[PDB]
Every structure is written in structure tokens, then in C-alpha cells.
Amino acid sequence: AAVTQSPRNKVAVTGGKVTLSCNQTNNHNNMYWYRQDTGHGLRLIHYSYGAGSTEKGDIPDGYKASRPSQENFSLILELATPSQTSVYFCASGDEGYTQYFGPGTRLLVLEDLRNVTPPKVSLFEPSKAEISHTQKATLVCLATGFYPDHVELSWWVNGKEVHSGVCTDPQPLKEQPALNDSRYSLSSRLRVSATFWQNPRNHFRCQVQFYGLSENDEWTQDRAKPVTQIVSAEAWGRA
């Protein structure tokens, strides 16, 4: 029994309208919206026993819920505030006690969007010394100059995502820790065997999904509109 949530990640402005959707194809009557915040367990916001029904949970203030159909249950923040920055989980169930959770949705509500900036992405190629010392080849990807910190960094070899041999910094680091709205940098490593890196048919790519502004968001600055987008960097193996 599978549940899906969209969007998966969202940057929003104070006073803006945000809608978090949950879809479920199990024909479950019952759906539930939670939020997760550090130092607390998940807390119930709204729930629904069927199309047309919505019920207040434990912490419903600031949220409206909507159940247009059996499949869809939405959480609507009409006047989004920074206190609604959280991870939101949806779930569904039948008459039994089991709730089946969706994968979560990160929400950041900023006071103001003026500092939002997509990353620059660079890919750093393995050292000739590393190769001869270990018979291994480490690529380093570096995302820099971005704000806010909502980025998913991923590695792709020949058009397919790789998880083996990868690790990414758990948190972005700040570029100007003194300053108020500092840009961030993030790094990740992909380590492969020397012979895999030496094969010139292997195309390596580092990809950063940046979450930023929507098409509808107002933009008054001279610089390009820092929308939700992908920035990547790329290189081929070589002997």
C-alpha cells in the first residue's frame, strides 16, 4: 500500500499560499497529515474519513485541509508563516490501525526571498597520485554560492543514478559565517575503481536539484530569477 506526496521540497515566502498534496491509490477511506519538528514526535494536524470530510487533529491552527476525492488529501497554508517550516508526512489507512506513510515534504518559509540564489556546480577529477597509490579514483563535486540550503545532490553514471561509493556532507557549510543571509557550499565524493574511471565510455555527472522560486513568484531585482532548477557538472573517463 503506497502513498505519494508532492511537492517533495518547497521554499515559500511569508504571507504566501502553500498547498501540500498527498495521493494514495489503495482505496483507503482514511488519510492523515502530520508535521515533524526536532525535539518532538510527529504531531497530527488534520485528518479525513472520506471525500468531503476533514477533521481537526491536535495542532490544526494555521492549516486548512481538503479532501476532494478518495485519492487526494491536501494541506493548505493560506497565510504561510516561518513557524510552519517543518517536514510534513501524509498517511493513509483502511479500517485497521496501520497507517502507511508517504516519504515526507520539506517546507521552508522565509521572511523574504531577496537572497535566494541557485548554486554553481563544479566537478573535480581524480588525482593521478591517488590512482597509482590506491587503484581507486575519487571524484569531488562542489556546489557553491546558493541560498537557501534546500539542495538534493546526486551522482549519475551513464544516465543512471549511483549510490555505492558516494557520500555527501550532511549539512551545507556557510561561505560567510559572519553575515546574516550567508550563501552555502556543499560537497560530495564519488569513489570508483581506477579501471572504471579509466574507461572513456563512462560519463560521470554530478547533479544538484535546487529548490527556489516558482514561475508565479514576484521578482524585482536585476539578476536572473532564481527558480527551482537543476545545475550539473560532468566529465568522461580517460586512460
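Position 1 is the first residue in the sequence shown; the rest follow in order.
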statement: Comparing mean C-alpha B factor in the record for 226 to 234 and 213 to 221, the higher one is 213 to 221
- prompt: Which is higher in the entry, the mean Cα B factor of 154 to 162 or that of 129 to 137?
  reply: 129 to 137
- line: Looking only at 87, 80, 123, 90, the Cα with the top B-factor belongs to 80
message: Using only the C-alpha B-factors in the record, can you name which of 174, 46, 189, 205 has the highest?
response: 174
statement: In terms of its chain's C-alpha B-factors, the third that includes residue 50 is the middle
field: Record-listed C-alpha B factor of residue 143: chain third
entry: lowest
message: Quick check on the deposited entry: does the C-alpha B-factor of residue 185 sit in the lowest, middle or highest third of its chain?
response: middle
query: In terms of the CA temperature factor given in the entry, to which third of its chain does residue 62 belong: lowest, middle or highest?
result: middle
task: Give the position of residue 27 by CA B-factor within its chain, expressed as the lowest, middle or highest third.
output: middle
